[PDB]
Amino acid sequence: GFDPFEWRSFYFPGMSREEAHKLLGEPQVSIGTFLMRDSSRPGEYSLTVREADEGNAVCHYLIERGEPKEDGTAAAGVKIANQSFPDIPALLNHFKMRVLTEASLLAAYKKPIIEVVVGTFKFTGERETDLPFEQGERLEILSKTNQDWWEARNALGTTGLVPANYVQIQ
């Protein structure tokens, strides 16, 4: 289960092919899990999908944006395969029931959690990549980026850097 209009949630700005291939290759990830990210073709997006456990395990799809209709009445269409779709919701829904190479879109990728912390001090942040949080607030750590700063996710799903020392591991 996934909602093809929350697609903006399964999009990971900044993640490379290789990153996604590594995240989706992990062995506890199930068939039909997928995410979206910047394609390495300038300007485009790609879909990365865990499609089998033996043989080729992860597939990558280029999604090509059309030009919008001059009219000014457009919304550029999106293309994957030879299959065109007036947008992304529709594209993503089509592949719930049809196969990509060996599988079908089933659940959106979430990074798994390696710590539950509760924050011991309000953090307001200094960089746009930081995650602000209140003293007492519960957060899921997903990655220990360096010694003093870790990647965290909050109840609403937003991610960024918190200071290790402003949080208390459970």
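One rule holds for the numbers: they count along the sequence shown, beginning at 1.
K.L.:
Would you tell me which stretch averages the higher CA B-factor in the PDB entry, 90-98 or 69-77?
P.N.:
Looking at the record's C-alpha B-factors, the answer is 69-77.
K.L.:
Taking only the Cα B-factors deposited for this chain, tell me whether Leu106 sits in the lowest, middle or highest third.
P.N.:
Highest third, going by the recorded CA B-factors of the chain.
K.L.:
Looking at the temperature factor on the CA atom of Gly125, which third of the chain's modelled residues does it land in?
P.N.:
For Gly125, whose C-alpha B-factor we compare with every modelled residue in the chain, the answer is the highest third.
K.L.:
Within this chain's modelled residues, let me know which third the CA B factor of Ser9 belongs to: lowest, middle or highest.
P.N.:
Highest third of the chain for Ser9's C-alpha B-factor.
K.L.:
Rank-wise, by C-alpha B-factor, drop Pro27 into the lowest, middle or highest third of its chain.
P.N.:
Tercile = highest for this residue's CA B-factor.
K.L.:
Hey, what third does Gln135 fall into on Cα B-factor, ranked over its chain?
P.N.:
Its C-alpha B-factor, which the entry lists for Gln135, ranks in the highest third among residues of this chain.
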